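# A closer look at the structure
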Amino acid sequence: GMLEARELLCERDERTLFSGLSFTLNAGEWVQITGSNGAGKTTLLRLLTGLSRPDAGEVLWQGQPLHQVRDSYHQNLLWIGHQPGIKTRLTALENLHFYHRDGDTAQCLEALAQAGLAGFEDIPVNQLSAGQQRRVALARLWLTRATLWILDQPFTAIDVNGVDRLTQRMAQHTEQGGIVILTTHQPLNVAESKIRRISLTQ
Amino acid sequence: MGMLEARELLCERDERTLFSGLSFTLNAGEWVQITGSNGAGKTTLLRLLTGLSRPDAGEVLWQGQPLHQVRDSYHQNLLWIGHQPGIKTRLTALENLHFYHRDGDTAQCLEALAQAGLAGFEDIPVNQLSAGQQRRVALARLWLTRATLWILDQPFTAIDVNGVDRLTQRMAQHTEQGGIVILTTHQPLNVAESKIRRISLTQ
Amino acid sequence: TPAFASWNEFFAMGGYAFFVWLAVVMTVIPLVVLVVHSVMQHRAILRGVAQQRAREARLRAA
Amino acid sequence: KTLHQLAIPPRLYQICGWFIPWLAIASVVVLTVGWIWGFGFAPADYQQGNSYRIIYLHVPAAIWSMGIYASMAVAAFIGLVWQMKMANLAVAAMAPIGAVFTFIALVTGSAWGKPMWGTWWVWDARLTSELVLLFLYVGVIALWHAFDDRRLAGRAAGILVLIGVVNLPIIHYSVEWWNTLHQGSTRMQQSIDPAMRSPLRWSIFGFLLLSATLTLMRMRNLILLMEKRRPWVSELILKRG
Amino acid sequence: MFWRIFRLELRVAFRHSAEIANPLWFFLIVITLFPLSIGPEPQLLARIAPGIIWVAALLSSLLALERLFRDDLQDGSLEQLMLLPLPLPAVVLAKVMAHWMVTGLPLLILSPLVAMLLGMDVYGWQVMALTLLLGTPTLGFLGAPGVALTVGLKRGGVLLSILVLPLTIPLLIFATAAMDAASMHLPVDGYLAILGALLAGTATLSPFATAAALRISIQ
Amino acid sequence: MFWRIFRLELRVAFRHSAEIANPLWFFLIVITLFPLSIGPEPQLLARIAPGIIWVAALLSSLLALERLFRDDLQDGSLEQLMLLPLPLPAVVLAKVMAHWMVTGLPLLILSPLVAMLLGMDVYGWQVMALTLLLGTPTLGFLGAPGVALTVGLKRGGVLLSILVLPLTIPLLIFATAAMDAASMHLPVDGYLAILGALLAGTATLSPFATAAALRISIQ
Ligand SMILES: Nc1ncnc2c1ncn2[C@@H]1O[C@H](COP(=O)(O)OP(=O)(O)OP(=O)(O)O)[C@@H](O)[C@H]1O
Ligand SMILES: Nc1ncnc2c1ncn2[C@@H]1O[C@H](COP(=O)(O)OP(=O)(O)OP(=O)(O)O)[C@@H](O)[C@H]1O
Ligand SMILES: [Mg+2]
Ligand SMILES: [Mg+2]
């Protein structure tokens, strides 16, 4: 049904990272791509979002390839990479207001308050520290209604309280049919039965 | 006496005092880890300790002298790692490490890159290197330098567990000899509480 | 058979010799450079991978 | 058939290595025959004098410069419609050959216009057009050499070549329009003679064959360079070693 | 989401007011420099003005063209801009329209002082303003694919100029011919129609290939 | 560390075996841009050569001037360059001297080709080469203080762009006047001595002030 893989071969730069991965996702999942430093767990996620063209094999979304279903795929997804994805020139409020809704107080100032950024709405971006620069893009995640969450390294420059603050929301999304694909290095405070582990096969 | 003494630091940024009157003297061979919260000054303390930022109040003392005349001796014994790696991405790893001292021949090059986990990744450009490997290139500097004072903001970020273990081992070998490492990370590093020293932010 | 009977006169290209011979040398030399360099590159890249593989075998033995 | 297995690069290397020497011998013998017959056993022009025979040294290369840009299109466009790297390497194979041919055309035109204009370079028709073609080849060279990767470099060079090929006739007509007004020029390009017009065609064929030789052997160069690790290169160097 | 993208790009261009003044002062430095360097004789100024003005406009838009896609990849906002629920060519069209509105429209606003700095007439000023209006969107559309090719590169120098300027040569020739023929009080309606046809062709072709080159440079 | 930084900046500037030709081809692009608008007559181009060559030099210098300091902020290597065991003014002098090698040495190399293209004489070519050798480092040394303040400023202003490109007035005016006075056979050493004194003043005053500006910009 949901994001599925078929014979994903992504050998490039005169080397091979992985071969023949055909993992499927159904409704209400939680996967973590496992590997080492320099094993290719971001190229896989970029190919999952459709940023990079696959060398061999295809990703499918309700049984259709990603190059014609792109409207619904982009409607029902958000992607947070290593780059923050926000403008450094503006302040936090309109950088958040770029993404969907926000605006009135029904989803404004408390999506930022829940990310630990209460009282920091009209302040420009680089007048905050890289951790809360990441927390702006993570406070985007509290006001979106996208079914497919893809997060590369969300626990980057994030406090010990911010890990639990993220993970509670992550699990709450996992209850109501939320498919999430995260790449991370810090261990989670989640039992292994809840989280699937799509390992990159060699 | 300690050769790094931070005296009466006051930092006011947009009607907020990050820290006022913070003072600590660092004796030889120890392991300060600056703690804090997201939105607290645990960078503008390391950055101010390096001399990049001028203090609003208080000052930094190196070997009994302030930081505005002993710069030539202070920059010779310091190694700073920031959030940004500080490496030219268009080159490969070899000349990026050869910018800094030693490297070159195989006595100090091709094995400091190998100890960081980048074996076979020396002549590849940093543009096609992974972000973890991009930071590993900058963090491979610890294995070839002779700098006594290391100041590393977030060293163990985007780095797998074996990399953190090797980095903590190398940092322990530097700590046993004469040398002070000041880091700031969020995850608890797998070391005993007895040797690490926590200088917390006060408000 | 040529319009210039004398061999010295053939090199004195009807009073316009220097322009024609400059054009001839500055056409001949670029093609010579384009061939010699691009075949020296072939030899050096084949020899480059050969002496790369020799060092790779030496390090595999080591 | 043979076209699908032409995509496998060891087979392409073997086919190109078979194709190089006979076609190179044919190229050099046709070029020698044309040059000898033209610069020797042939008359000259009444008006231009005895520098007239620079019509040889200019006219094939120049038109084939335009021609090889057309070849660029039937590489790059196909390399952007079946997404094939084997076609995208032909752009970087044919780029500096076209640049050298266009520089030779500019040099021969500037040297041939000297008995008339008095100055080495005057701002006339078709020489500005060749200079703009040289700039387009320079852009292809710089865009290929600037990228660190090879596949991205090939696709970017294909995009640039398609854009330049689309924009080329507009430039070709606008530079001609720049010569309709702003005074004029003499007909120094292709003023031919009835007893002269045959080794011109032979030298056109010879320069085409030489361009084919150069692009085939540079395609061999780029094929050997791009795949540094794949074991068909190991088999080839074991045959050599 | 279309006009939200346009308003956001205008806001982020006005927040970066600094790279907006260097091409404007470059147009000013060329327009000031050429007659004072050459001389105050008005016989040759009336012929040299269409050339100097439009080459200054070409190089000023070249100078401004670097901020169009360089800052977006480093902040990573382009990887999200491709992921909004509307096609990437329309995002390209909105961003290049904001590029024209933030920098090319100050050229039209300042062309009063440019015309009065070097002579001209009322009809000459009218052809000046109309040619700049018809040609600066053409220049932006023509220079968009070169910037879309040079995104992942860190080269911020002569490469974009080499890629762009031979493509914008015929726009330069036609616009200079239009202004020169207007300086002799001859009707230039056909030349303006040629410039409008060039604008329509660039509007048809440039956003369909700039997005493709941008997708090439991001993988 | 001095010559190592110089070789490093050369290594970043020229990345491949055949990459030095790009500043040479951009120059010929500008020198083919100007007669393509103004006209094909060697007489007018001989009259207006100073503005053409110096606008090409200005555009090259200001186009390559961003990569001095804007690249090093987002990379982050400028902080560790400041932490290098060597004074900041000599580091800045190495960087801007390498930048001059990116731009000024192409000027001096392509000087006879552009002297042959836009019609001039041997005395004009000699005057052009001498004043370009004496003026391109001045152009870099006056342009770098503005960029040093510009890239390290959030709040910023249009008023910060006043420090960089408006500062170009005296050198360009004096050099174009010297070329125009040397177009006719007149003595020219009186302005050449002024340009040499300007080079001495810029070489004395640029890195010392620009190092302080670089200390101000990042905090
Ligand atoms: N587009 C690409 N396609 C294939 N391989 C690539 C590509 N870009 C870089 N590589 C190579 O593959 C590895 C990069 O893969 P990738 O960056 O996805 O790993 P990674 O998971 O990001 O590493 P980390 O987990 O530390 O982030 C590097 O060894 C690099 O040389
Ligand atoms: N130069 C500055 N730039 C931006 N913000 C600053 C600066 N100086 C002080 N601040 C403010 O001071 C606070 C602390 O800044 P700092 O960057 O030191 O936090 P940090 O310790 O780096 O946070 P993190 O743990 O995420 O790195 C921030 O909330 C920020 O708003
Ligand atoms: Mg990654
Ligand atoms: Mg920090």
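Residues numbered from 1 in each chain as written, not as in the entry; some residues may be left out. Chains lettered and ligands numbered in written order. Heavy atoms only, no water.

## Structural notes on the overall build of chain C
Selection criterion: By definition, any uninterrupted DSSP run of H or I lasting at least four residues is a helix, any uninterrupted run of E lasting at least two residues is a strand, and each is numbered from the N terminus. The atom set for the radius of gyration is the C-alpha atoms, and the globule formula is 2.2 Å times the number of residues raised to the power 0.38. Each residue is assigned to one of three classes by its accessible area relative to the maximum for its type, calculated with a 1.4 Å probe on protein chains only: buried under 20%, partly exposed between the two thresholds, exposed over 50%. Accessible surface is estimated by sampling points in the Shrake-Rupley manner with a 1.4 Å probe; for residues, cover comes only from the protein chains shown.
For chain C, the helix and strand inventory stands at two helices and zero strands. In terms of overall dimensions, chain C is more spread out than a globule: its C-alpha atoms have a radius of gyration of 24 Å, far above the 11 Å expected for 62 residues. Seen through its C-alpha atoms, chain C measures out along the principal axes to roughly 70 × 20 × 15 Å. Going through the 62 residues of chain C one by one, you find that 26% of them count as buried. Total accessible area on chain C stands at roughly 4200 Å², and carbon and sulfur atoms take up 68% of it.

## Topic: the overall build of chain D
Worth spelling out the cut-off: It only takes one pair of heavy atoms within 4.5 Å for two residues to be counted as in contact.
The secondary structure content of chain D amounts to nine helices and zero strands. When the helices and strands of chain D are placed in sequence order, the string is α-α-α-α-α-α-α-α-α. With the C-alpha coordinates aligned to their principal axes, the bounding extent of chain D is approximately 65 × 40 × 30 Å. Across the 241 residues of chain D, 55% fall into the buried class. Taking all contacts inside chain D whose residues are at least 6 apart in sequence as the whole, residues at least 24 apart take part in 78%. For chain D, the accessible area works out to roughly 10500 Å², and carbon and sulfur atoms hold 68% of it.

## Things to note about the coordination of the magnesium ion (ligand 3)
Residues and elements named next belong to chain A. Cut-off, in case you're wondering: Nitrogen, oxygen and sulfur within 2.8 Å of a metal are treated as its donors, or within 3.2 Å for sodium, potassium and calcium (Na, K, Ca); water is not counted, so a site can appear incomplete.
Every protein donor of the magnesium ion (ligand 3) is listed here as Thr42 (OG1) and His82 (NE2), and their distances to the metal cover 2.2 to 2.5 Å. Remark: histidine 82 occurs in the loop between β5 (77-80) and α3 (92-98) and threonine 42 occurs in the loop between β2 (30-32) and α1 (43-49); sequence separation between them is 40 residues. Judged by relative accessible area, which is 31%, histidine 82 ranks as partly exposed.

## Considering the site of ligand 1
Condition: Whether a residue is near a molecule or strand is decided by its heavy atoms; if any one of them lies within 4 Å of it, the residue is near. Whenever a nitrogen or oxygen atom comes within 3.5 Å of another N or O atom, the pair is scored as a polar contact, on the condition that within protein one atom can donate a hydrogen and the other can accept it, and that pairs from neighbouring residues in sequence are kept only if both atoms are in side chains. Nonpolar residues are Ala, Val, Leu, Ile, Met, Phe, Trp, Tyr, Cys and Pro. Charged residues are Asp, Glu, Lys and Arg, and all others, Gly as well, are polar.
For ligand 1, the set of nearby residues contains 18 residues, the closest of which are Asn37, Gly40, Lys41 and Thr43 of chain A together with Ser130 of chain B. Chains contributing residues to the immediate surroundings of ligand 1 are chains A and B. Between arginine 15 of chain A and ligand 1, the recorded distance is 2.9 Å, taken from a side-chain N or O atom to an oxygen atom. For ligand 1, whose unbound accessible area comes to 620 Å², protein coverage reaches 89%. The residue makeup of the shell around ligand 1, split by class, is five nonpolar, ten polar and three charged.

## A look at the interface of chain F and chain E
In plain terms, the rule: Summed over both partners, the accessible area (1.4 Å probe) lost when two parts come together is defined as the buried area. Here a salt bridge means any side-chain nitrogen of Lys or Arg lying within 4 Å of a carboxyl oxygen belonging to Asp or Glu.
In this complex, chain F contributes 43 residues to the contact, which on the side of chain E involves 41 residues. When chain F packs against chain E, the two sides together hide about 4000 Å² of surface, and 70% of this comes from carbon and sulfur. The largest contributions to the chain F side of the interface with chain E come from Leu33, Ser37 and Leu63 of chain F, which together make up 15% of the buried area. One can count two salt bridges joining chain F with chain E. Its salt-bridge partner being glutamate 19 of chain E, residue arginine 70 of chain F comes within 3.9 Å of it at the nearest N-O pair.

## Focus: the sheet that holds strand β1 (residues 4-9) of chain A
We count it as follows: DSSP calls a pair of strands paired once it identifies at least 2 bridges connecting them.
Across the sheet, which stays open at both edges, the three strands sit in the order β1-β3-β4 (chain A) with antiparallel pairing between neighbours. This sheet does not close on itself; its edge strands, each paired only once, are β1 and β4 (64-65) of chain A.

## Some remarks on empty space enclosed by the protein
Residue and element names in this part refer to chain F. Filter applied, for reference: Only protein atoms enter the calculation, which uses a 1 Å grid: trapped sets of points that fit a 1.4 Å probe without letting it out are cavities, open sets showing protein on both sides within 12 Å along at least five of seven lines are pockets, and any residue with an atom within 4 Å of a point is a lining residue. Grid points are joined across faces, edges and corners, and a volume is the space filled by probe spheres set on the points.
For the coordinates displayed, the defined rule picks out 17 cavities of 30 Å³ or more. Taken as a whole, the largest cavity spans an internal volume of roughly 210 Å³. Along the wall of the largest cavity there are 15 residues; nearest its centre are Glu9, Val12, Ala13, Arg67 and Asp71. If you list the elements that add at least two residues to the lining of the largest cavity, you get α1 (2-13), α4 (66-75) and α6 (88-117). In terms of residue count, the dominant contributor to the lining of the largest cavity is α4 (four residues). Residues that form the lining of the largest cavity fall into these classes: five nonpolar, one polar and nine charged.

## So, the coordination of the magnesium ion (ligand 4)
Residue and element names in this part refer to chain B. For the magnesium ion (ligand 4), every protein donor is listed as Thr43 (OG1) and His83 (NE2), and the spread of their distances is 2.1 to 2.6 Å. Of this pair, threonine 43 sits in the loop between β3 (31-34) and α1 (46-50) while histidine 83 sits in the loop between β6 (78-81) and α3 (93-99), and the two are 40 residues apart along the sequence. Classification of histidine 83 by relative accessible area gives partly exposed; the value is 34%.

## Regarding the environment of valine 96 of chain E
All names here are of chain E. On the secondary structure map, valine 96 appears in helix α6 (residues 88-116). Under the relative-accessibility criterion, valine 96 is labelled buried at 4%. Discounting chain neighbours no more than four positions away, the residues touching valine 96 are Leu68, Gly140, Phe141 and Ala144.

## Regarding the packing of aromatic side chains
All names here are of chain D. The cut-off we apply is this: Only centres within 6.5 Å qualify two rings of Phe, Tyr or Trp (six-membered ring in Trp) as a pair; their planes then separate them into stacked at under 30 degrees, edge-to-face at over 60, and tilted for everything else.
All told, the structure shown has 23 aromatic pairs over all chains when counted by the stated rule. Look at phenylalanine 39 and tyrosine 56: their rings are 6.4 Å apart centre to centre, the planes differ by 35 degrees, and that puts the pair in the tilted class. Of this pair, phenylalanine 39 sits in helix α2 (residues 9-39) while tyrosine 56 is found in helix α3 (residues 54-79), placing the two residues 17 residues apart along the sequence. On the basis of relative accessibility, which here comes to 4%, the residue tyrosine 56 falls in the buried class.

## Things to note about the packing of α6 of chain F against helix α9 (residues 189-217) of chain F
A pair of packed helices can be characterised by two numbers: the angle between their axes and the separation between those axes. Residues and elements named next belong to chain F. For clarity, the cut-off: To obtain each axis, a line is fitted to C-alpha atoms, and for helices this fit is confined to the stretch in contact; angles are then taken between N-to-C directions over 0 to 180 degrees. Every angle not falling under 35 degrees, over 145, or within 65 to 115 is termed oblique; those three ranges are roughly parallel, roughly antiparallel and roughly perpendicular.
Running from N to C, α6 and α9 point in directions that differ by 105 degrees, and their axes come no closer than 8 Å. With respect to α9, the axis of α6 lies roughly perpendicular. Of α9, the residues touching α6 (which contributes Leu88, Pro89, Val92 and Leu93) are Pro207, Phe208, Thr210, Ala211, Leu214 and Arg215. Among the residues forming the contact of α6 with α9, the class breakdown is eight nonpolar, one polar and one charged.

## Topic: the pattern of salt bridges
All told, the structure shown has 25 salt bridges over all chains when counted by the stated rule. One salt bridge in this structure joins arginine 7 of chain B and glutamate 5 of chain B, with 3.8 Å as the shortest N-O distance. Look at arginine 7 of chain B and you get partly exposed, because its relative accessible area is 36%. The residue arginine 15 of chain F makes a salt bridge to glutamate 19 of chain F at a minimum N-O spacing of 3.4 Å.

## Digging into the site of ligand 2
Close contacts around ligand 2 come from 18 residues, with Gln127 and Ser129 of chain A together with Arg13, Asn38 and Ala40 of chain B the closest. Residues near ligand 2 are shared among chains A and B, making this a multi-chain site. Within the contact set of ligand 2, an oxygen atom lies 3.1 Å away from a backbone nitrogen or oxygen of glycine 131 of chain A. Note that an oxygen atom of ligand 2 is positioned 2.5 Å from one of the backbone N or O atoms of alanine 40 of chain B. When the free accessible area of ligand 2 is taken as 630 Å², the share hidden by the protein chains comes to 87%. For the shell around ligand 2, the class distribution of residues is three nonpolar, twelve polar and three charged.

## A word on a negative patch on the surface
The condition that has to hold: Two joining distances apply to patches: 9 Å for like charges and 5 Å for nonpolar side chains (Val, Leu, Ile, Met, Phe, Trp, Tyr), and every residue must have over 30% relative accessible area and no salt bridge. When charges are counted, neither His nor the chain ends are considered; positive counts come from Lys and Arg and negative counts from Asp and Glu. Here the site of a charge means NZ on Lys, CZ on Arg, CG on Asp, or CD on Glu.
A surface patch of negative charge is lined by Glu12, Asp14, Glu15 and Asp56 of chain B. Tracing the chain through its elements places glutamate 12 of chain B in strand β1 (residues 4-12).

## Details of helix α5 (residues 131-139) of chain B
All names here are of chain B. For α5, a buried count of seven out of nine residues is recorded, marking the element as mostly surrounded by other parts of the structure. All buried positions along α5 are accounted for by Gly132, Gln133, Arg135, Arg136, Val137, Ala138 and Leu139. Contacts from the buried residues of α5 go to β6, α3, β7 (149-153) and α6 (161-176). Residue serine 130 occupies the N-cap position of α5, its side-chain oxygen lying 3.3 Å from the main-chain nitrogen of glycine 132.

## So, the packing of helix α6 (residues 127-146) of chain D against helix α7 (residues 151-180) of chain D
Residue and element names in this part refer to chain D. Stated precisely, the cut-off is as follows: Left-handed describes a crossing whose near helix is turned anticlockwise from the far helix through less than a right angle; right-handed describes the clockwise counterpart.
At their nearest, the axes of α6 and α7 sit 10 Å apart, and the two run at 170 degrees to each other. Judged by the inter-axis angle, α6 sits roughly antiparallel to α7. The element α6 and its partner α7 pack so that their crossing is right-handed. In contact with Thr128, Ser129, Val132, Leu133, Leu136, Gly139, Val140, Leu143 and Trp144 of α6, α7 contributes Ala153, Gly154, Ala156, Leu160, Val161, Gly164, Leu168, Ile171, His172, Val175 and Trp178.

## What about the UniProt feature "transmembrane region" in chain C?
Going by this rule: UniProt positions are given in the numbering used here, feature names are shortened, and annotations may be inferred rather than shown by experiment.
As recorded in UniProt, the feature "transmembrane region" lies at residues 17-36 of chain C. The distance from the first to the last C-alpha atom of residues 17-36 of chain C is 28 Å, and the span holds 100% helix and 0% strand.

## So, the arrangement of the chains
Of all eleven pairs of chains sharing an interface, the pair with the highest contact count is chains E and F. Where chain C comes nearest to chain E, the C-alpha atoms are still 23 Å apart, and the two do not contact one another. Here chain C and chain F are not in contact; the least distance found between their C-alpha atoms is 12 Å.

## Overview of a nonpolar patch on the surface
A contiguous nonpolar surface patch, about 720 Å² in accessible area, is contributed by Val25, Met26, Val28, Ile29, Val32, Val33, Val36 and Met40 of chain C together with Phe103 of chain D. No other element matches the eight residues that helix α2 (residues 17-61) of chain C contributes to the nonpolar patch. With respect to the element layout, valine 33 of chain C can be found in helix α2. Take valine 33 of chain C: its relative accessible area is 48%, and that puts it in the partly exposed class.

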